[PDB]
Every structure is written in structure tokens, then in C-alpha cells.
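Just so it is clear: chains get the letters A, B, ... in the order the sequence lines come, proteins before strands, and each one is counted from 1. Only heavy atoms go into these numbers, but all of them, side chains included; no hydrogens, no water, no symmetry mates.
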Amino acid sequence: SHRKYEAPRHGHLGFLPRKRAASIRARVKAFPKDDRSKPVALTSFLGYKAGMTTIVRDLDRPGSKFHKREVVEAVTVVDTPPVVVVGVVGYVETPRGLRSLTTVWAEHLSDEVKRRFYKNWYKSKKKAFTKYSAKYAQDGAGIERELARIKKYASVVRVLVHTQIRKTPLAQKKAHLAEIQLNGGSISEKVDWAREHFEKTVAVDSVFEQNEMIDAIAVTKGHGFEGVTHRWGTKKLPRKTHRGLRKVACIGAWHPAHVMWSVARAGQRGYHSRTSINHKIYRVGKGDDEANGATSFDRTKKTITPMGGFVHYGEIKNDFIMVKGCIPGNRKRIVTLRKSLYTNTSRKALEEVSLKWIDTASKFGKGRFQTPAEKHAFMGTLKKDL
Amino acid sequence: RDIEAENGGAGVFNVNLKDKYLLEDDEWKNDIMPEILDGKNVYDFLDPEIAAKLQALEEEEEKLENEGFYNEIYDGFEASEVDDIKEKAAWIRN
Amino acid sequence: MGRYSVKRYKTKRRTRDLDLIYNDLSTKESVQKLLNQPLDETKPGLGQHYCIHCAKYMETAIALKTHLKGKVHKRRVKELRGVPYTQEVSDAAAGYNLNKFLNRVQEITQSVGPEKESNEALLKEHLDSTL
Amino acid sequence: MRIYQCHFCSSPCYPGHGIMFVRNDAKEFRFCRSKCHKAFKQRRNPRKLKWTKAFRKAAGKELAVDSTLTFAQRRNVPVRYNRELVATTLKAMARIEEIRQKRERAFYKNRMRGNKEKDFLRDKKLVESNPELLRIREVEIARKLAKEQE
Amino acid sequence: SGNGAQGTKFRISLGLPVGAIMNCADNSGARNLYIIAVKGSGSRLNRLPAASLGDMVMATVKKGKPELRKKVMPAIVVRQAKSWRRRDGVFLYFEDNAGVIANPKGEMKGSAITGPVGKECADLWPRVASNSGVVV
Amino acid sequence: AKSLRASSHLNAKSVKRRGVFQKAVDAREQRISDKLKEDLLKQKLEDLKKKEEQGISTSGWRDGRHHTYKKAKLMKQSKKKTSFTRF
RNA sequence: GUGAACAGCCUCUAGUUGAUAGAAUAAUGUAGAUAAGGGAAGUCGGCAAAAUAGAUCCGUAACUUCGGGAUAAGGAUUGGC
RNA sequence: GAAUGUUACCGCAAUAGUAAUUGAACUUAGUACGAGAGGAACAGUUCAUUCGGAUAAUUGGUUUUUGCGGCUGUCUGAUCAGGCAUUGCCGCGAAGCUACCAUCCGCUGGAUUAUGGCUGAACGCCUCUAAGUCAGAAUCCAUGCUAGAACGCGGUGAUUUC
RNA sequence: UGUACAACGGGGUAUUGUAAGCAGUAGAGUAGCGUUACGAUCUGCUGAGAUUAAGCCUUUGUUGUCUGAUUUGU
Ligand SMILES: [Mg+2]
Ligand SMILES: [Mg+2]
Ligand SMILES: [Mg+2]
Ligand SMILES: [Mg+2]
Ligand SMILES: [Mg+2]
Ligand SMILES: [Mg+2]
Ligand SMILES: [Mg+2]
Ligand SMILES: [Mg+2]
Ligand SMILES: [Mg+2]
Ligand SMILES: [Mg+2]
Ligand SMILES: [Mg+2]
Ligand SMILES: [Mg+2]
Ligand SMILES: [Zn+2]
Ligand SMILES: [Zn+2]
């Protein structure tokens with residue numbers, strides 16, 4: 001008979017199965033639709049999540065109760081040194097779907113990206129792409145033929161890039177390699193662009209800019225095996241119920257004589273792939289800017305890195321992206337930043353961000369000081385300093 | 001409201017509150033006032049004749065620098081002797 | 001964090017502040033108003049037997065007398081001896097509103113302090129006479 | 001946007017940090033930290049807690065009255081915006097901070113004078129009081145030097 | 001946001017679920033107020049309706065005039081002990097929970113409010129703002 | 001309320017989208033593309049300065065390795081009867 | 001020794017050091033705890049926990065077989081020198 | 001997780017699942033409409049409810065960091081430094097975890113239902129229907145989102161001297 | 001056999017709240033002859049001292065380490 005009181009089900013059936021993601025780098029499942037008359041452009045970028053901090057924004061939002069008023073907001077900092085273009089892949093349309101027809105690599109690759117092709121790098125003879133690089137000799141036949149094949153048959157063109165992980169504070173030396181779709185001119189112009197950009201760097205400010213909505217694709221933080229109460233958000237059973245209260249009391253009271261797929265069960269929590277959308281870029285910071293932590297209202301010459309560095313990350317010494325709010329993944333995880341799949345019609349996508357202040361107090365405690373000069377000036381002369 | 005209706009309408013038009021400022025120079029209207037400088041609020045230092053007050057403070061500083069406000073041996077002991085005593089005391093404590 | 005501190009100094013179990021009690025004792029009119037209160041049914045002792053220093057009602061005059069003869073009351077009396085520690089002290093220790101804080105200290109030492117001391121002397125001798 | 005000082009320890013209170021308590025007489029108590037807020041709730045005395053600026057000024061650990069400490073005060077009468085006046089104020093703030101730091105250092109130096117004299121007297125008394133240990137030290141010195149010689 | 005309220009209301013931490021007793025901050029003769037319903041409350045199984053500062057509730061007088069007693073009336077929450085975030089950048093709280101008696105249009109029954117009134121409630125309700133002596 | 005998939009709201013959105021929002025998207029695209037070109041030119045100039053210090057038919061097989069591999073694979077599929085398109 | 005105390009806690013004489021181990025620190029348990037704001041809205045039912053607690057002084061109703069009820073209830077206090 | 005040369009990197013997408021919801025507010029406006037009393041909506045904007053997915057800058061909770069300090073009783077002659085009290089107890093406490101007790105984010109193309117039509121017979125009138133055809137619901141199928149067939153597949157690197 | 005790796009050390013960044021030792025003429029008083037003796041506590045040297053990656057950041061120092069096992073072919 002019918003359930004007496006209505007309640008919505010616990011959890012979302014479209015995020016199934018709640019299994020560990022197959023890779024630590026979450027896949028981009030859809031790129032923006034290509035417009036051929038537009039100039040050539042990358043559709044995505046790769047970065048590393050460094051941490052969070054706090055800002056003060058001078059908000060312009062007509063019709064809002066906080067119009068012409070200051071708001072304090074959380075932001076996420078992503079460390080984004082330039083990526084290095086190393087290859088190009090062509091894709092053809094078939095009745096079974098998109099098929100990669102051919103791949104062309106650049107003549108010279110760094111050991112940073114060569115490490116991605118090894119499980120035991122220190123023992124290997126490092127022979128990867130050595131015979132391939134010999135195909136660039138004597139007027140480059142083979143290379144030219146495969147570029148001609150891409151031009152003649154490809155309906156989609158993607159470019160193989162990799163991170164420069166040696167510019168981050170990470171202990172990992174092996175770089176991250178990814179395909180990034182080229183949306184822009186014709187197929188021929190896409191291929192010419194890729195061939196021209198082989199072994200060259202693309203910086204994040206030649207892909208994004210401030211006041212733009214982007215999407216964050218990443219694997220969430222893992223939490224191991226989890227019970228139903230916290231994995232699914234179900235209600236705890238009364239105190240000292242026999243055989244536990246972090247359970248669902250009845251997993252089936254009705255006919256099918258099985259456990260339904262729609263019933264909450266204990267299992268893996270976290271380390272899933274997620275694509276969150278519409279995060280506004282608050283700042284595109286440059287790595288050689290001495291005051292990239294400073295605003296027009298705060299005249300302190302300071303960088304973005306908080307005192308003592310980001311906890312478990314280190315210091316920001318490269319270009320960075322500051323997006324408001326939070327993104328999937330924990331600090332130092334590789335994240336993919338994607339351009340919007342559609343033209344956002346909300347006015348927040350039109351707002352221009354004007355930051356009044358960026359928090360650089362220490363995250364390793366209840367940080368009270370923004371700079372070491374400020375801490376020293378407030379405290380005064382110490383016993384060791386005399 | 002006519003300006004608003006021709007620009008964006010209600011809830012889309014963003015009015016500039018600085019346009020009615022009565023300042024000495026009209027180019028100063030769209031100027032950002034700084035608020036923080038190295039842990040200090042600019043507003044509670046902002047004052048007319050702060051330049052004269054700073055000058056008086058500097059005269060005080062010069063008077064101290066002339067007076068000598070900013071500027072190993074004992075009776076019965078030389079420098080090597082006090083060093084020897086210090087080393088022996090450190091040895092004893094250790 | 002601990003249970004003792006939580007259940008004693010929970011916000012819903014807060015007590016009157018020392019600067020407020022200092023202001024209560026500073027003026028004679030406040031002293032007389034707090035000494036002579038209307039018969040209130042919801043206060044202990046029908047609103048009578050009120051110690052101003054501790055901001056506390058007692059059920060009876062004998063309870064008030066035994067309270068005045070105690071280390072708790074003497075502790076509160078010692079606490080109310082100095083400057084009442086406004087936000088001006090913290091601002092001045094930071095180096096801000098220094099002239100304002102110094103003027104306030106001068107006023108306490110010159111006028112408000114000795115008047116409070118005289119009121120406290122008169123209040124103590126009245127409590128001795130009536131108790 | 002304004003930097004406040006903690007009601008308990010006078011530390012700077014930046015936006016977002018700490019917590020504010022409003023008393024029924026409309027007085028705001030801003031606290032930089034949970035530590036200071038819990039001390040206030042337990043009703044501890046900031047002038048007796050040694051880690052606070054109120055105590056340090058009360059006990060004379062740092063100079064409290066100086067001509068550099070009078071420039072910063074809450075301005076309740078505004079002045080019209082002037083670009084060059086703002087520029088002069090910004091230069092003056094750095095100059096005042098530099099002079100205040102120099103005078104703070106000098107104050108700590110004057111407070112700590114006599115330390116070397118005390119240390120030397122203590123060392124002399126200890127050396128005078130330990131003749132046997134010094135003899136052991138000399139034997140160790142002579143044996144180590146003879147080992148180096150041979 | 002309630003009838004008589006002026007504009008939208010952004011989310012505030014909830015401090016007063018049904019069954020709470022707050023003080024009466026006006027001068028209409030009531031001493032405390034017992035919350036029995038919250039206007040604008042949503043619906044979810046097992047979840048208690050709760051009120052924050054600037055909300056309208058239905059309340060009974062437990063202590064005060066017998067004329068005020070045995071009647072269910074609207075009240076507007078002007079103070080709460082649960083800390084809440086201000087968008088300027090501070091979490092804050094009051095000493096007590098407090099409300100004032102109103103009619104369904106949000107007009108004040110009493111003539112004055114003793115103690116501070118939260119800015120959010122004052123800005124939401126113009127009659128509370130008119131009867132307020134202290135706005136934080 | 002109107003759902004996210006409500007026709008009249010989506011029609012109003014499309015009318016709004018064809019105008020000022022698409023204008024903003026296009027202008028940002030032009031700015032970013034100019035920055036990308038300048039980035040390439042700057043890399044060329046740096047490499048040039050550094051080197052100053054130092055000084056088509058697609059028919060047939062892709063290569064002989066590809067020829068041997070695909071021929072062997074197709075022969076193996078014929079022999080083991082594992083072809084998707086041939087018997 | 002503490003303390004009213006053959007209580008609990010720590011120690012001297014004497015006596016043991018036995019009870020399968022090692023490494024890890026998911027869920028669910030068993031045993032024990034803490035929690036903002038609210039304060040029984042939970043539940044068949046305040047079940048369970050929490051709150052109280054030693055001693056000194058002030059004070060203590062109905063009812064009553066006049067013996068009680070009574071540690072009724074309600075208050076002030078407690079270190080060290 | 002065996003096996004279809006070995007080993008490695010980048011990918012495709014059959015199939016299965018799928019997700020958002022509701023209320024108010026400004027403007028339209030004191031307008032249409034109305035003797036009056038009253039009193040809308042589309043287009044343009046701003047918040048919130050329920051749900052969902054993350055997240056930890058900040059606030060709060062938590063403490064074997066037994067990190068720092070203190071307290072009772074006893075024991076180590078005292079000081080010092082410590083032990084025990086089934087984590088002894090009290091205050092603070094980073095890190096980690098975590099809360100509508102904290103913050104962020106959650107869309108747009110095709111085909112349709114009722115119904116309103118166009119052209120038009122049946123039936124020399126007529127008729128949205130018979131043939132043909134236009135719109136149109138929170139619906140359907142997709143776009144987007146999750147997994148990826150361990151017996152679905154593609155592209156690419158290296159491929160062994162006792 | 002190297003922006004190599006590690007163990008320590010250094011510097012930051014955080015946490016607590018002023019170490020041990022010595023001194024004073026600060027200390028309710030009491031005992032003996034203005035003085036000495038006991039004396040909770042207070043003050044100074046001293047934001048001192050302790051801790052700080054175990055899932056914090058960093059590093060021109062010191063000392064070491066870089067080595068075995070097994071299997072795979074169109
Ligand atoms: Mg932190
Ligand atoms: Mg229920
Ligand atoms: Mg609680
Ligand atoms: Mg009930
Ligand atoms: Mg019930
Ligand atoms: Mg009884
Ligand atoms: Mg499908
Ligand atoms: Mg509309
Ligand atoms: Mg959650
Ligand atoms: Mg002990
Ligand atoms: Mg017709
Ligand atoms: Mg597979
Ligand atoms: Zn008292
Ligand atoms: Zn503080």
C-alpha cells in the first residue's frame with residue numbers, strides 16, 4: 001500500500017554508478033560548437049588547483065539589494081603556467097561516430113612530456129619518439145603527407161598539449177597531456193595553426209580573459225568506502241536500534257524479490273568525475289606581476305601567495321586564474337578549464353568584476369597579517385633581533 | 001528615469017553616482033580612492049595640513065638625530081678576558 | 001569548548017558587563033535608583049536586596065549581608081577598581097584614537113573616578129547601617 | 001572596507017575574519033579570533049593577559065605615547081576628494097611608519113640595556129664558583145691538544 | 001517574504017525553530033513570545049519550520065497581560081542569538097532572541113522598540129525602522 | 001512556475017541571446033585572438049634573438065610499417081574468421 | 001597519605017607481569033565522549049543521557065496516627081598564605 | 001582480474017542511467033478594466049523554497065598534535081624534571097574532517113497532446129480532415145551530465161645480444 | 001651520479017602564553033636584635049620558553065645513498 005507521507009528520494013540517479021573514476025584527469029565530454037567564420041581558438045586549458053582565499057568585490061548589479069555595496073566572497077586559485085603544443089589529431093565522421101584518422105607530433109619533445117610514456121623512467125633508455133623524430137629529415141615527407149590527410153578528411157581538429165609541471169611546486173615530474181579542440185577557421189587553417197605552434201607555448205591569457213564564465217572539470221576528492229548515512233544523506237535510525245543505526249531500515253518490502261538499483265547502499269564515496277559550469281573568472285593574474293595580489297583600493301605591493309604559502313601546495317609563481325566560488329577537486333589536482341558550451345543569457349555573465357582587496361593572510365592558522373612586513377611592524381622588536 | 005529608459009530600463013541601467021560630484025577638477029570624478037596601505041586605513045590618516053604636521057614631525061626627528069638619540073669592557077677586565085670568562089661559563093652550564 | 005565553560009558562559013546565560021556596572025556606580029542618581037526599586041514579582045526578594053557591584057538580586061537581607069562578607073564580592077570589588085576597559089583602550093594600544101583615550105583616562109582620574117569612589121564609600125556605609 | 005582592531009588584543013581584523021558581538025547598548029565587540037572571543041566570554045582581563053597589546057602598553061613593554069602615534073584617528077568630519085592630497089597622505093603614511101619603527105627599536109634597546117652587564121656578572125660568579133669543573137675542562141683541553149700534536 | 005515586507009530577503013542562518021520563546025522588545029505589554037508557526041516556511045518531511053531575524057512568525061504571549069494572552073498574533077523577529085553572516089564580511093550575533101508584535105500588514109502594535117534592531121529586519125520592515133531607537 | 005524547458009521562456013532567452021550577449025561573446029573572442037597572435041609573435045622574437053646568439057597525394061599506405069601491420073591484421077582476420085565486413 | 005571512612009585514587013612489605021601475535025586505521029558495530037541555535041518540536045511513553053551531589057550557615061508548606069513529613073522546597077559559601 | 005605478439009599514451013561511443021523545482025520582488029503601474037471599492041499580464045530585471053552536486057577562503061563544531069599552559073591526590077628527599085589516576089580533570093588549540101550551523105554551481109534544439117487554424121473534398125451549401133498543411137503543454141526524443149561493452153572499436157610511441 | 005634522493009640542521013608560517021635560574025627592598029604580617037629571618041604572591045631579565053608535518057612552505061649547510069628479484073616477441 002501507498003507511502004503515507006511524501007518525500008523526495010535521497011540522491012541523484014543520474015550520477016551513477018558512484019564508482020572511482022577511471023583516471024585522475026577527468027575527461028572533457030563535450031566541446032563548444034564550432035563556428036567556421038570565427039578566428040582560431042583553443043577550447044580548453046589545463047591547470048592545477050592551488051587553494052582558496054577571500055576577496056572583497058565592489059558590486060555593480062542593478063536591481064540587487066547589494067547594488068553599489070561591497071560583498072565578501074570565496075575564490076579558488078588555479079596555477080596555470082603556459083601549455084606546450086606537441087601534436088595534432090584529425091577526426092572524421094562515420095556512421096559509428098567520430099574516429100581519429102591520424103596523429104602528427106612535433107619534432108622535439110621535452111623529457112617532461114616523455115615521462116608520461118613510462119612507468120619506470122629512471123631505468124629506461126628513453127627511446128620514445130627517437131625513430132619518429134627521424135621522419136622530419138629530407139624535406140619532411142610523411143609528416144607533410146599526414147598533415148595533407150588531416151586537411152583532406154578531418155571534420156574535427158584537436159591539438160595535443162601538455163603542462164609544464166616543473167614550474168609548479170609539485171613533487172611529480174611527469175607532465176599531463178591532453179587533446180584540446182580548435183574552434184575557429186577552416187580545417188586547413190586549424191592544421192596550419194597547429195603546425196605553426198608545434199613546440200610553442202600558449203599562455204592562459206591567450207585562451208581566457210577576466211569577467212568570463214568558464215566550466216571546471218575535475219575528479220572530486222576521495223573518501224574511501226562510505227556508509228549510507230553520509231554517502232546518500234539518509235536519516236539516522238533511533239538510538240541503540242539492533243544491528244546499527246547508520247543504515248536503511250528496510251531495503252525492500254515489496255514484490256520484485258531483489259534489491260532495487262534505486263536503493264541506497266554502502267560503497268565508494270568521492271573520486272568521481274564532475275563537470276561544474278558557470279564559474280566567473282575574477283582575475284587573470286600574470287606571474288611576473290609584482291603586485292598581482294593588489295588592487296586599485298589596496299595599495300600594498302603583494303602577490304597572490306598567502307603568508308607561508310598555500311597549505312599543502314606552495315607558492316604561486318606563474319600565471320593564475322582566480323574564479324569565484326569552489327570547484328571540484330582538492331588542492332594540487334589537475335583541472336581542466338573549458339569554455340562555455342552556450343551563450344549565457346544571465347546578466348552575471350555581463351558583469352565586470354572590480355576587486356577591492358585580496359586576502360593573503362596565512363591559511364596555516366588564524367592568520368592575522370597580510371605581509372611579513374605588517375606582522376613585524378605590528379609585533380615590534382623581538383629578543384633575537386637585537 | 002528617461003535616461004534610464006533609453007539606456008537599459010529598470011534593473012539593467014547602471015547609474016554613475018560620481019557624475020554629480022562637485023570637485024575642484026572634473027577629471028577627478030572617476031578617481032578610485034585607496035582604502036588600505038600596508039595594514040593601515042588611508043581614511044584615518046587623510047587630513048588637511050597633514051603635510052605641515054609631517055614637517056613638524058620631521059623637525060623633531062632631525063633634532064633627535066642631532067642629539068644622538070640613535071647611537072665588552074669592564075672595570076678590571078679586558079676584551080679577551082671577558083670572552084674567556086664567557087666561554088668558560090658556557091662550558092660549565094653545558 | 002569544554003562543558004563547564006560552555007554551560008557557564010553560554011550567551012543565553014550571560015551576565016552584566018563591568019563597564020556598565022562602573023557606569024551604574026559612577027552617578028548618585030543611578031545608585032539611588034538601583035538601591036530603591038519598585039516591588040517586582042519576578043525578581044528574587046521582590047526586587048529588593050540588590051548588590052550593584054555583582055548586579056545580583058538576593059532573596060533576603062541576611063543573604064545580602066552574608067554575600068557582602070565574601071571573597072566573591074571582594075573579587076568583584078577589586079575588578080571594578082580600575083579603568084573599565086572600553087574599546088578605546090584596544091584602539092589606543094593599536095595606536096589609534098590615542099588622544100581620545102588619553103583624554104578619557106584624564107577624565108577618569110580627575111572627575112569620574114573620585115566621584116565613583118565617594119559613592120561606593122557612601123553605599124558601603126549605608127549597607128553597614130541597614131544590615 | 002575598513003581594518004578594525006580586536007577588542008581584546010588590538011590585532012587587526014580584516015574582512016571575513018573573526019566574529020562580532022552586539023551588546024544591548026549597541027556597542028560592537030569585534031574579535032579577530034576564536035581565542036579572543038572565548039576569553040571575552042569567560043570574562044578574562046585583557047590587561048592581565050600578557051599576550052595582548054593592552055597589557056604591553058599598560059606594563060611599558062612598548063612605547064605608548066609618541067608624536068608618531070597621533071596621526072591615525074577616526075575622522076567624523078569628511079573632507080572633499082583631492083587627488084594631490086590623497087597622494088601626500090599616501091607618502092606620509094609610509095614615512096610615519098618608518099619613523100615609528102625606528103623609535104620602537106630605540107625604545108626596546110633602552111629597555112634592554114643592562115642585559116650584557118647582568119650576563120657578565122652571572123658568568124663571572126659561576127666561573128668563580130666552579131674550580132673543579134674548570135680543572136676537568138683544562139685536562140680535556142690538554143689531552144685533546146696532545147692528541148692533535150701526536 | 002511576507003505581506004507588508006519591503007522587497008526581497010536574502011538567506012540568514014535560522015535560530016528560532018517552532019517551540020522557541022523569545023523576548024518581546026516592544027512596549028505593548030507582552031513579556032515573551034512563544035513561536036508556533038513561521039510565515040513563508042517551506043515543506044519537508046521531519047523538518048521543523050524555523051525563523052531568522054526579519055521573519056514573521058505566529059506567536060502567543062506566555063507572560064504579560066491576560067488581554068494579550070490566549071491570542072495568536074503575528075510577530076517580527078528583530079534579534080537572534082544564533083550567529084549569522086553579514087555580506088560586508090563579519091559573522092555577528094546578539095545577546096538574546098527578540099521579536100515585536102505586528103498585524104498582517106507588518107504594522108507595529110506598540111509605539112517603540114527597546115534595544116537594538118538588526119539592520120536586516122529594519123531594512124525589510126519600514127514600520128520597525130520607524131519605531132526603532134537603535135538600529136544596531 | 002515555468003520550467004527550464006518552458007517554450008516561452010526559451011523563446012525570450014533566444015531573442016535576448018541574439019543581441020547584447022552575443023555581442024559580448026564576439027568582442028571577447030576578438031580580444032583573445034589578438035592576444036594569441038601577439039603571444040606567438042613574441043615567442044618568435046625571443047627564439048630569433050636567442051638564435052642570434054647561436055649564430056601531396058594521400059593515396060597508398062602511410063608507411064611500410066603500416067603496410068605490413070594492416071596487411072598482416074587483415075590476413076589474420078580472414079584466417080580466424082573475425083571480420084566485421086568480410087566473410 | 002587523602003578523606004567521615006575497611007569508599008575511590010597513589011605508595012611501602014610481599015607477589016605478579018599471566019590471557020596467540022604482527023601490521024594497517026574503510027564501512028557497520030561494541031565501549032566511552034564532545035557539540036552552535038533551539039529546548040521534548042522526538043517517542044506508545046523524556047527510553048536513554050544531562051542536570052543534582054561533600055561540608056558550614058540562613059531557611060523550610062500542605063498533611064499528620066503529633067512520632068513525622070525533612071536533606072522538604074529555597075538561598076549564601078568553600079583555594080592559598 | 002587471466003586471455004587473444006608485448007608494453008605505453010591519447011581517444012571513439014553501442015548501451016544503460018539522467019534532474020531540477022516552487023514562491024515572491026522591482027519595472028510594466030496605480031496602467032489596461034471600473035460609477036466606485038478595487039486592480040492584472042507579456043517583454044526587461046532581483047532574490048528565496050524544496051531537491052541535487054561539489055567545496056573548506058571564512059564562521060562554527062570536533063582534539064591522542066596528548067601542541068602549549070594550568071588543577072587535585074599521591075609517589076620520585078627538595079628544586080628541577082617527571083610517573084600514575086582504564087585518553088585523570090580544566091582553558092586554549094593548529095592540521096584534518098565537517099554544517100542550510102558554512103560557501104559555490106545546477107541548459108537548449110527537434111517532434112508532439114488538448115486546443116486554435118489554413119487549403120479542401122466527401123455532399124453543386126458547408127466543413128481543421130478524408131489526401132495535404134500551420135502553430136501549440138512542466139510531455140516525448142535529443143543537446144548537456146554519469147558509467148564505458150572487463151569477449152565493441154580507432155589513432156599513436158617504443159619494441160630486448162648470451 | 002643529478003634544479004638526484006634521503007636523514008638531520010637553518011629560515012619562514014602557525015600554537016600556547018612569559019621557561020629554568022638569579023635578583024629585588026614589592027609583599028598581609030609574625031619572630032629575634034632602623035636591621036635581619038619566614039612568607040601565598042608580585043616585578044625584572046622574558047611575546048619569553050616549548051612545539052611546528054607526522055597529509056604546512058622553503059632551503060648556496062652537514063652526513064649518507066643510488067641496489068636487488070622476476071617475466072614478456074608480431
Ligand atoms: Mg587553515
Ligand atoms: Mg516526522
Ligand atoms: Mg546543542
Ligand atoms: Mg509530542
Ligand atoms: Mg510526532
Ligand atoms: Mg514531599
Ligand atoms: Mg541515451
Ligand atoms: Mg517576464
Ligand atoms: Mg554535503
Ligand atoms: Mg601531579
Ligand atoms: Mg475551407
Ligand atoms: Mg573497454
Ligand atoms: Zn556583590
Ligand atoms: Zn584578538
Side-chain angles (χ1 to χ4, degrees), chain A residues 8 11-17 19 29-30 51-54 62-65 74-75 89 96-103 116-119 127-129 132 160 177 179 220 224-227 239-240 244 246-247 266 273-279 307-309 311-312 314-315 324-328 341-342 347 359 362-365 379 382-383, chain B residues 9-12, chain C residues 1-5 59-60 62-63 66-67 70, chain D residues 16-17 19 35 38 50-51 115 118 122, chain E residues 1 7-11 13-20 42-44 48 81-83 85 91, chain F residues 1-6 10 12 72:
Chain A
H12 196 303
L13 297 172
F15 286 95
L16 292 182
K19 65 174 292 170
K29 312 272 201 73
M52 295 191 64
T53 189
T54 302
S64 172
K65 290 291 191 62
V75 297
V89 182
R96 297 178 280 166
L98 272 178
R99 194 173 70 87
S100 60
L101 184 58
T102 165
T103 304
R116 181 56 60 184
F117 313 121
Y118 290 96
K119 295 299 164 177
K127 297 302 295 300
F129 288 91
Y132 181 91
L160 278 159
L177 175 73
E179 285 184 23
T220 65
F225 201 91
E226 186 75 275
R239 181 191 58 87
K240 260 297 194 178
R246 301 185 71 78
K247 297 298 186 66
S273 306
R274 289 296 184 267
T275 300
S276 56
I277 68 168
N278 294 343
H279 303 288
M307 282 183 65
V311 182
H312 298 102
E315 312 167 325
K324 58 156 300 185
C326 52
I327 61 169
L341 301 185
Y342 72 104
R347 291 280 164 175
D359 188 13
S362 159
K363 275 75 180 151
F364 200 41
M379 290 208 65
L382 294 163
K383 174 193 176 180
Chain B
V12 171
Chain C
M1 201 291 303
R3 202 172 71 263
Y4 171 78
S5 180
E59 65 170 10
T60 57
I62 182 54
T66 59
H67 160 85
Chain D
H17 306 245
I19 195 162
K35 172 192 188 168
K38 287 177 192 189
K50 191 166 194 219
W51 49 273
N115 278 21
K118 301 293 177 46
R122 186 189 71 255
Chain E
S1 283
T8 62
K9 175 187 176 61
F10 50 91
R11 198 189 193 278
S13 292
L14 307 168
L16 295 174
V18 157
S43 158
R44 179 53 167 82
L48 299 190
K82 175 67 201 306
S83 60
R85 189 177 65 90
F91 283 81
Chain F
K2 298 208 71 68
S3 61
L4 180 63
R5 306 176 288 276
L10 287 164

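H/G60: glycosidic angle beyond 90° from 0, hence anti.
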Item to check | Pair D/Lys38-C/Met1, side-chain contact (heavy atoms from CB on, under 4.5 Å): steps then yes or no | outcome: CA-CA 9 Å; D/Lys38 287 177 192 189; C/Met1 201 291 303; 4.2 Å; yes
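Taking 3.5 Å as the upper bound for both contacts, H/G106 pairs with H/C51 in Watson-Crick or G-U wobble fashion. Geometry at I/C22 and I/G47 does not meet the Watson-Crick or G-U wobble definition with both required distances under 3.5 Å. Residues H/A114 and H/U76 show neither Watson-Crick nor G-U wobble pairing with both defining distances under 3.5 Å. Taking 3.5 Å as the upper bound for both contacts, I/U63 pairs with I/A6 in Watson-Crick or G-U wobble fashion.
Below the 3.5 angstrom threshold, one finds a donor paired with an acceptor across the side chain of A/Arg239 and the base of G/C47. In terms of polar N and O atoms assigned as donor or acceptor, the side chain of D/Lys35 comes within less than 3.5 Å of the base of I/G17 in a complementary pairing.
Among the nucleotides H/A57, H/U22, H/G155, the one closest to the side chain of A/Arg99 is H/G155.
Residue order along RNA chain H, read from the 5' end via each residue's closest nucleotide, puts E/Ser83 first among A/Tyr342 and E/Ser83. Mapping C/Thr66 and A/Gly244 onto RNA chain G via the closest heavy atom, the residue that lands nearer the 5' end is A/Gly244. For the pair A/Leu341 and A/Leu160, nearest-nucleotide mapping onto RNA chain H gives the more 5' position to A/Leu160.
Side-chain atoms of A/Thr53 come within 3.5 Å of backbone atoms of A/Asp359 as a donor-acceptor pair (strictly under, hydrogens ignored).
Between the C1' atoms of I/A20 and H/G69, the separation comes to 16 Å (whole Å). One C1' atom belongs to G/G75, the other to G/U52, and the distance between them is 16 Å to the nearest Å.
If you measure from atom CZ of A/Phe364 to atom P of I/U52, you get 11 Å, rounded to the nearest angstrom. Counting to the nearest Å, the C1' atom of H/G60 and the CZ atom of E/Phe91 are 8 Å from each other.
Stacking of the aromatic ring of A/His12 onto the base of H/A19 is found: the ring centres lie under 5.5 Å apart and the planes are inclined by under 30°.
In this structure, A/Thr103 and A/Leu160 have side chains that are in contact, with non-hydrogen atoms separated by less than 4.5 Å.
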